[PDB]
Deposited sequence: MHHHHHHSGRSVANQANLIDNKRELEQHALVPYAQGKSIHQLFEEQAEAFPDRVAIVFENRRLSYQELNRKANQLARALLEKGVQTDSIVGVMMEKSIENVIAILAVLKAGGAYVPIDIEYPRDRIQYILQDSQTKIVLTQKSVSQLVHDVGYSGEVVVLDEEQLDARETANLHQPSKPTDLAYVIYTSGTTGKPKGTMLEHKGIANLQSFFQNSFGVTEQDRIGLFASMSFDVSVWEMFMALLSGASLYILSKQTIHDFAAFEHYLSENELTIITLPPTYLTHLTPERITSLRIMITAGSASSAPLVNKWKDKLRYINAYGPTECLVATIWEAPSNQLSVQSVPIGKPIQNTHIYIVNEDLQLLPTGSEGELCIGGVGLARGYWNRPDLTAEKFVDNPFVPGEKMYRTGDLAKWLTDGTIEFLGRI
């Protein structure tokens, strides 16, 4: 076992950073910023308000907000109250929003003034908390210390293949992720980390807690900054951001020379390409990161900074405390060179799919190699290379 904070919750790890780095910048959005102490206090105030409204272990709390500092306060508050959040994309079709609200059965939705009309337009019948109406400045600001377990729910991400399905992720996988980031990327409180992905895409979880579980600062990129490639490059350079994660298609539009500060560039979610990697791997640390939503992230490949061109782009090796099994249709293990289904075991596996027991049992099978554990069948095709890295080959 690679060490990590085995018994600690996500918010407990955040609180350790706020205690160690109270006056460091935690989060930036446009011309606003909050220190760790300020962010923690505001999240504690909201968390107490959420407790009074029934949030408890494995409660799912909907979030319908624009990306902003208050969006992150809402997330941390839900975790501190002992619950789990479900990010609901306010740009989805109304009927998809309604499906997620109704399927999740959430009894509380956190929103903002400019979004409250949409909440009414989807006919949501639960409790609605308009955060920029609430005056919480009077509430206690200290940490709550609610009961928590690593196996408690932390977030539910809806994805679609059929109808949307809620993928249930627990605290323990994100606690492991903290140690992965500190060990493998060397993340420290000095880093400045962009937030690029939608909060409905679990890459945003990776980005947000990359910053907030290590004392680093999280720079929430505005819509206009992302839309304009030169504005994006200027924003990263002016603010001296050190780490960013991007879709490969977005990265193809960027110029290394116009980004002066990055030490790590991660691409995730889609296949990268040898020409793309060769353009960046000798200017900074280029990382290809792979995973299904059902364990957030499973493998990483750091491209070699050796002034020699690569001809292909592996998805690399399992992250700490994650196991990869490449198997045939009978779940038998394959030798190097043989293509099979990529399956995953380890601490980051989702609990399953919300109120979908048969689908959960089909996809999160008994681990044939580790009695008493589960193994997730990704549906991705892959093979081991002779050097022990993994080549991604699409879908089985």
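Participant: Can you give me the gaps, meaning deposited-sequence stretches with no C-alpha coordinates, in sequence order?
Facilitator: In sequence order, the gaps with no modelled C-alpha are 1-29, 191-192.
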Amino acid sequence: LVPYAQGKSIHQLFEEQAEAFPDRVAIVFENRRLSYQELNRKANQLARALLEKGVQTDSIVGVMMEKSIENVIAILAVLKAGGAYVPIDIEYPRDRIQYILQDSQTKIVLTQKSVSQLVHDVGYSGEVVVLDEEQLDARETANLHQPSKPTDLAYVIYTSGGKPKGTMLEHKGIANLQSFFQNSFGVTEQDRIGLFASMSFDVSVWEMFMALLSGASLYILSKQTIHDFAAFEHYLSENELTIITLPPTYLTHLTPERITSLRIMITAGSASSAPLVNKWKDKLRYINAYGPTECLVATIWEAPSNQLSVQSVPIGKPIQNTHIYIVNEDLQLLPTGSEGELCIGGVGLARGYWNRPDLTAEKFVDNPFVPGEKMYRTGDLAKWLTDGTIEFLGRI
From here on, numbers count along this sequence of modelled residues.
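Participant: In the PDB record, does 278-286 or 206-214 carry the higher mean Cα temperature factor?
Facilitator: Mean C-alpha B-factor is greater for 278-286.
Participant: Would you determine, from the values in the PDB entry, which of 143-151 and 313-321 has the greater average C-alpha temperature factor?
Facilitator: Mean B over CA atoms: larger for 143-151.
Participant: Which is it among 240, 294, 91, 103: the one with the largest CA B-factor in the entry?
Facilitator: Of 240, 294, 91, 103, 91 has the highest C-alpha B-factor.
Participant: Check the PDB entry and point out which of 75, 246, 230, 199 has the largest C-alpha temperature factor.
Facilitator: The listed residue with the largest C-alpha B-factor is 230.
Participant: Relative to the other modelled residues in the chain, which third contains the C-alpha temperature factor of residue 359: lowest, middle or highest?
Facilitator: For residue 359, whose C-alpha B-factor we compare with every modelled residue in the chain, the answer is the middle third.
Participant: Based on the deposited C-alpha B factors for this chain, I'd like to know if residue 82 is in the lowest, middle or highest third.
Facilitator: Its C-alpha B-factor, which the entry lists for residue 82, ranks in the highest third among residues of this chain.
Participant: Can you tell me which third, lowest, middle or highest, the CA B-factor of residue 9 falls into for its chain?
Facilitator: Middle third of the chain for residue 9's C-alpha B-factor.
Participant: Grab the CA temperature factor for residue 23 from the record and place it in the lowest, middle or highest third of its chain.
Facilitator: It falls in the top third of the chain.
Participant: State the tercile, meaning the lowest, middle or highest third, of residue 235 with respect to the CA B-factors recorded for its chain.
Facilitator: It falls in the top third of the chain.
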